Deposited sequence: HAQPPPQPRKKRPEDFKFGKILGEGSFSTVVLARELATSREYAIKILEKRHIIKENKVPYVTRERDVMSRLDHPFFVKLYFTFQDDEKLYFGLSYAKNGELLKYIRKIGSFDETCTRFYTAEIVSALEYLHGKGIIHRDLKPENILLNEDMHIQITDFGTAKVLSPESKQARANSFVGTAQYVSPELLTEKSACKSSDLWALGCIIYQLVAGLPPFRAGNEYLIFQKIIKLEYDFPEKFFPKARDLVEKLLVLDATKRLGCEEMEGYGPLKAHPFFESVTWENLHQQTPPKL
């Protein structure tokens, strides 16, 4: 069927910068014809080509097109001009989950449970499509106006059937094997839960090399103020042997993960319809 004509830069009033990476900048934009706000990710073609990033840009576009779920930033449109590529993305007005962790220090058990459940539910959907994020972290987990999560940044994703993420969230197998799987995301999940509860990521040190040392030695520990059921859950995710992490295929998938006692009170079927606990 006839899709709308390609959009163009002149269709938008660009505004503030929402994020910037080494190969991209995200800018808030208001579409003139609709008054709709989008987060437009802008990439310089010459820079992408010069640095051999075409496969990453291509993978991000192809992945974000296949995703159709409330807990993921949506790709609405793409266009280009002579110098740049533009991706129209969902605007998550409340920014990064990381910001909330810093602002309030640590989450109480109700908020930890609710947001962990959304991430688990998001991962179940992503993994059921044979997609692996490979760089999951609080910086990539955005909050919409409604305070529900929206996971973004899929340039580094792998579609099942090479790259190393953000040091604090790298799984051991990436350091010893150079190979990633769904279980690498579950490892990151373990780190994120721990971070929501402790206020800090589990593996910390003065530099990348020392963080990696700690990861492969499973060198971290829990604070006394750690919800016992959350602790048990984290211990079942932060496991060196990737095939023994709660949630992976060899452990029989998402059922047993979702049935963990930490999630006892969670109703999984309609999280996105529930009202997030106030932060």
{"query": "Where the deposited sequence has no C-alpha coordinates (positions from 1, in order)", "finding": "1-4, 166-174"}
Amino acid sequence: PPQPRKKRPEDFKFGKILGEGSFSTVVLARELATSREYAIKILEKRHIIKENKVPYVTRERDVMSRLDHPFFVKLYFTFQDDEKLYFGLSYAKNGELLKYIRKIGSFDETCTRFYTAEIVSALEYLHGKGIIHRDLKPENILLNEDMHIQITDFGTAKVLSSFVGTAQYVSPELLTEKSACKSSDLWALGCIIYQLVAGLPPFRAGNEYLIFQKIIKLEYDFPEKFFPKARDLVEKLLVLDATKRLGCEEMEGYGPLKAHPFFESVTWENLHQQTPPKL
From here on, numbers count along this sequence of modelled residues.
query: Given 170-178 and 113-121, the range whose Cα B-factors average higher in the PDB entry; finding: 170-178
query: Entry-level comparison of average CA B-factors, 223-231 and 55-63, reporting the higher stretch; finding: 223-231
query: Maximum C-alpha temperature factor, selected from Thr78, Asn94, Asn207, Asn140; finding: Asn207
query: Options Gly105, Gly155, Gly128, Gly190 - largest CA temperature factor per the record; finding: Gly105
query: Third of the chain's Cα B-factor distribution that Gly255 belongs to, per the entry; finding: lowest
query: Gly165 CA temperature factor, ranked by third within the chain; finding: highest
query: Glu10 CA temperature factor, ranked by third within the chain; finding: middle
query: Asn270 - which third its CA temperature factor falls in, relative to the rest of the chain; finding: middle
query: Cα B factor band for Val197 (lowest, middle or highest third within the chain); finding: middle
